[PDB]
Each structure stands twice: as C-alpha cells, then as structure tokens.
Amino acid sequence: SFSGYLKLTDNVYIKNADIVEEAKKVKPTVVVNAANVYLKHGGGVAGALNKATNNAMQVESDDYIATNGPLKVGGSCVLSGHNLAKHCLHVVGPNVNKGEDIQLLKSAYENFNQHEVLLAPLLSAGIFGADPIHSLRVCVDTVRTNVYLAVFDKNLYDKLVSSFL
Ligand SMILES: CC(C)NC(=O)N(C)[C@H]1CCS(=O)(=O)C1
C-alpha cells in the first residue's frame, strides 16, 4: 500500500513525492487530477499525469468533453486511470489566477468523499494560484475518506508540515 507518509489526521496523510511516480508505484484505485473545466491537461499536475499516460488521458478527456460539455468549477468526473491507477478522479479546484471563487475549494474537496481512498495533490495549489497552506486546511476539514497527499516541492512540503495546526 502507501509508504513513507506522515499522518496529519485520522484520515489525511502527506508525503514529499512526485504524484506521477507515486501513482506508477502504488497503482492506487483512484488518483486525483488537478483538472480544469475543459479537461485540457496542459501543465502542472494535469500536464504531468497526462504525459505519463502518453496522451491517452487527453484523448479520453476530449471525447468526454465532446459528449458532456465542460465540468463546473468545484466539480469532478471519474475517468480511466490508464497506466497510473484504476480510475482518475478529475477534480476542478478554483483557479485564483483566473479570478475564480476560492470558496469553491471546499466543494472541490467534497468530491473526494465519494471514494474510500485516494492519492491526490493539494487542490488549487501550484499553477492554480491558491495558498497551499489554506488548501491543506480545507482538505483536512472537508475530506472524511482516506487521502494520501503527494506534495512535489520539498520546501513547500516542509512548510506545510511545520505549520500544520
Ligand atoms: C463508501 C464511500 C464511498 N464513502 C465513505 O467512505 N464515507 C464518506 C464514509 C467515511 C466517513 S463518513 O463520511 O461518515 C462515511
């Protein structure tokens, strides 16, 4: 199962790891993607997960959007996990750089509650522009299922652990 994680709460765990390498190693039931409403996996976690699938995630995602239209900010969809996981839960956190409501971050984390265990990044962190400390706080106060957070940046990981209330 998951190894090397620091336990933050009863159900939240955290590790300084590349989520792509972590997914290839564990092959979890669910890997969370930091998706946008269009499922255009260009950069950040989405670009990295998509590149690891040899673009199969993007091909599947374009068919999903052609059939269903865009997701809502705060929403999600379950697609294949390809070579990384059984499923990928594409979750749209608000992008502060796009002027999206940070209050939608709790709605985005609520999607995790539909899955017993997930490998995930911090929603709205990185290129989405939100404060990762705030994202971790919303995660622990919203997610009740078992979440294993992978934080790519060592310096941010140390700051998140050392400042965790
Ligand atoms: C069976 C899965 C989808 N749901 C799940 O594990 N739940 C969300 C439980 C975790 C604690 S609770 O929120 O009280 C009920």
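All heavy atoms count here, side chains included; hydrogens, waters and symmetry mates do not. We count residues from 1, following the sequence as given. Both ligands and their constituent atoms are indexed starting at 1 by order of listing.
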- Note on the structure: Ranked by distance from atom 9 (C) of ligand 1, the top protein heavy atom is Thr145 CG2, 4.7 Å
- Protein heavy atom at shortest distance from atom 3 (C) of ligand 1: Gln114 O, 3.4 Å
- Query: Is at least one protein non-hydrogen atom found at under 4.0 angstrom from atom 5 (C) of ligand 1?
  - Reply: yes
- Message: If you scan the protein for heavy atoms around atom 13 (O) of ligand 1, do you find one that is closer than 4.0 Å?
- Response: yes
- Item | Working for side chain to side chain donor-acceptor pair (under 3.5 Å), residues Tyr38 and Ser61 | CA-CA 8 Å; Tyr38 306 110; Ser61 294; over 6 Å; no
- Task: Using a strict cut-off of 4.0 Å, indicate which atoms of ligand 1 neighbour a heavy atom of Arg144.
- Result: 13 (O)
- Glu116: numbered ligand 1 atoms lying under 4.0 Å from its heavy atoms: 1 (C), 2 (C), 6 (O)
- Message: Under a 4.0 Å threshold between the charged nitrogen and the carboxylate oxygen, would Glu21 count as salt-bridged to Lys24?
- Response: yes
- Message: Could you check whether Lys40 pairs with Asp62 (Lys NZ or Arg NE/NH1/NH2 to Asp/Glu carboxylate O, under 4.0 Å)?
- Response: yes
- Message: Once you measure the plane-to-plane angle for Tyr148 and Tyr5, does it fall in the parallel (<30°), tilted (30-60°) or perpendicular (>60°) bin?
- Response: perpendicular
- Message: Quick check against the 3.5 Å criterion: does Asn146 have a side-chain atom that pairs as donor or acceptor with the backbone of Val12?
- Response: no
